[PDB]
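The working numbering numbers the first residue of the sequence shown as 760 and each following residue consecutively. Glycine residues also receive a C-beta, built at the ideal position from the N, C-alpha and C atoms.
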Amino acid sequence: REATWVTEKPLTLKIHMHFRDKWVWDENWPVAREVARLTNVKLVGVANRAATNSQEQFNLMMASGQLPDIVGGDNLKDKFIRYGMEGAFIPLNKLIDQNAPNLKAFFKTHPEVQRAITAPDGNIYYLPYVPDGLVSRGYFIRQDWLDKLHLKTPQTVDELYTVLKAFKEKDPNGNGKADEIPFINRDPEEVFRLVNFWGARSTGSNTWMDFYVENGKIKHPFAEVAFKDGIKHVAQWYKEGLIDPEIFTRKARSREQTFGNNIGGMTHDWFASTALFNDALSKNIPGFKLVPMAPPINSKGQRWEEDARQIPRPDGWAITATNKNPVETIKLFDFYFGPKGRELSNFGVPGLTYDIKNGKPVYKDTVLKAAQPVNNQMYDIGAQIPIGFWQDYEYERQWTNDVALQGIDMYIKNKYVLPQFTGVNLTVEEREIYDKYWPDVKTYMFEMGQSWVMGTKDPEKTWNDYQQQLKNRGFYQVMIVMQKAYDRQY
Ligand SMILES: [Ca+2]
């Protein structure tokens, strides 16, 4: 028996949580078992472990019969809202005010967050993953390769093109082989962000292919003429091999592969984990020096850093209408917003991954000296996972080295980060159009995007057909409701 118990008799619930296309909830996780012990509530996963698409799995579950008790994961906000209104997920407003003091307090002081997760009917259908921090990604380039080739840090897109071209043809790793890949990225979507170099947006926030606002008008990056011209340039860089040919397939371990084998020359990724490669590779590649660099001046004469930490993220978990124990569930959820629950969800297990010293959670040296970035380590034990939790930046500071810190401070000080889209609140009627067309349009945009990048389709020759399809697929119907909602507020 524990004072943190949310129920006297032991309670086990089923959870479907497939996330980031490669992970599933594991009751075996140290963190999970630690929370079970402290709350007397144990969660058992039911997600298909051999799945490669989390979203597909959510749909599969939505059509596999009786739903589990809890559903969680990344990029589920729209599904939580859509099916929440359909009655698949229950409203949490009441449950919170009456049984979740930690959350009621959090929302009271975080009105923007509460608004961001509220549905058109005014109901809260899930608890979000709430990131902590300001900046997210930044550009990194091989300083040792620049020095080896006697090149200066590229300040413009034209200078960058010359640098990447040199990386490709001048054998910087000096093994006499043309094995260098100028630009690499673990996120395929970052290839689309390259259009920034030519004054075109790729997304309005940390949420991929999100809308943005410009002079009181809602716009979507993939529908703009600037994207047509910008993507032509990206396609060219891809054809010339300046961009990793496996950009859409490599994914997750692109850094360990390309930097580890000394063939990657530049990327655009999160500061902390990316800078760590300098420490992880120092022994094998002596001169290895991956450093942050300001965004190059684009075709519009500006240095853009389009990405920023998003608070909250469209990630989290909800309670299904089939959950026979809703009050205990919300209490379990509330535990995560208390001091001990938040600590576990961020650092892992005390005595395992960290220890309390001077009263503060302090990571063990075995974790800090590991070859694997600290967040990857947390994922392995059930921490820093996209459930409904409040991230604590202190967990990140401990493994943010001086190189990363310098880059972070440079971006903050120089204000390269573009204003982020804070979204809009649609009425039920407006949301109906949104849920009917947006999902499929988004899918189509990505597909067209890859085709343009890989040269299987010429953006110039297919633009009119593309615009016609966006129309036929209801994209402009979605755009109109978005604009009506935007004005309804500003
Ligand atoms: Ca080489």
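Between the alpha carbons of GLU1015 and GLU999 lies a distance of about 24 Å.
When DSSP states are grouped into helix, strand and coil, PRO870 belongs to the helix group.
Here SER823 is exposed, its C-beta having fewer than 16 other C-beta atoms within 10 Å. Looking at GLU1155, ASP1151, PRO1120, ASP1114, the one whose alpha-carbon comes closest to that of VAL1133 is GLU1155.
About 17 Å separates the beta carbon of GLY1024 from that of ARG896, a gap too long to meet the 8 Å contact definition. Taking all protein chains shown into account, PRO1055 has 16 or more neighbouring C-beta atoms within 10 Å of its C-beta and is therefore buried. Beta-bridge analysis with DSSP links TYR1122 to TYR1113. Contact fails between the region 1118-1136 and the region 1169-1184, because fewer than three Cβ pairs, one in each stretch, are under 8 Å apart.
Secondary structure remark: continuous alpha helix (DSSP H) runs of at least 4 residues inside the region 1077-1112, in chain order: 1085-1094, 1098-1106.
With respect to the C-alpha of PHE1094, the residue from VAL972, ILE840, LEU886 having the closest C-alpha is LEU886.
DSSP places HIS1027 in the uninterrupted beta strand (DSSP E) bounded by 1023-1029. Where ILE774 is concerned, the enclosing beta strand (DSSP E) starts and stops at 770-778. Counting only residues of its own chain and dropping the five nearest sequence neighbours on each side, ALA1077 has a CB closer than 6 Å to the CB of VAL830, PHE839, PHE848, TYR884, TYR885.
Look at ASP1038 here: in three-state DSSP terms it is helix. Going by C-alpha positions, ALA1067 is about 44 Å away from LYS768. According to the DSSP assignment, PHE1018 belongs to no alpha helix (DSSP H), since it is labelled neither H nor E. Shown here for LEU910: same chain residues with a beta carbon closer than 7 Å to its own, the five before and five after excluded, namely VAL922, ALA925 in chain order.
Every residue whose Cβ sits closer than 5 Å to any heavy atom of ligand 1 is listed here in chain order: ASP930, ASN932, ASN934, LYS936, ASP938.
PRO941: member of the beta strand (DSSP E) spanning 940-942, first to last residue. Residue pairing by DSSP puts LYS976 in a beta bridge opposite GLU973. In the displayed model, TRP904 falls within a helix according to three-state DSSP. Secondary structure at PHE1007: coil, using DSSP grouped into helix, strand and coil.
In its chain, beyond the 5 residues on either side, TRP957, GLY958 have a beta carbon closer than 6 Å to the beta carbon of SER1058.
Between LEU770 and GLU1087, the beta carbon gap of about 6 Å places them in contact (Cβ cut-off 8 Å). Under DSSP, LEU886 takes part in a beta bridge, and its partners are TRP1076. Taking 8 Å as the cut-off, the beta carbon of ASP880 is found no closer than this to the beta carbon of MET821. Assignment of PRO931 by DSSP, reduced to helix, strand and coil, places it in the coil class. According to the DSSP assignment, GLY1000 belongs to no alpha helix (DSSP H), since it is labelled neither H nor E. Here the C-alpha atom of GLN1143 lies approximately 31 Å from the C-alpha atom of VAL954. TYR1122 is positioned such that its CB atom lies closer than 8 Å to that of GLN1157. Taking C-beta atoms as the reference points, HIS775 and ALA806 count as a pair closer than 8 Å. The three-state reading of DSSP puts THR1202 in helix, counting H, G and I together. Taking the Cα positions, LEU819 is about 28 Å away from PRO789. Counting along the chain, the unbroken beta strand (DSSP E) around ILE829 starts and ends at 829-832. Taking all protein chains in view, the Cβ of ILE1115 is surrounded by fewer than 16 other Cβ atoms within 10 Å, so the residue is classified as exposed. In the displayed model, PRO1051 falls within a strand according to three-state DSSP.
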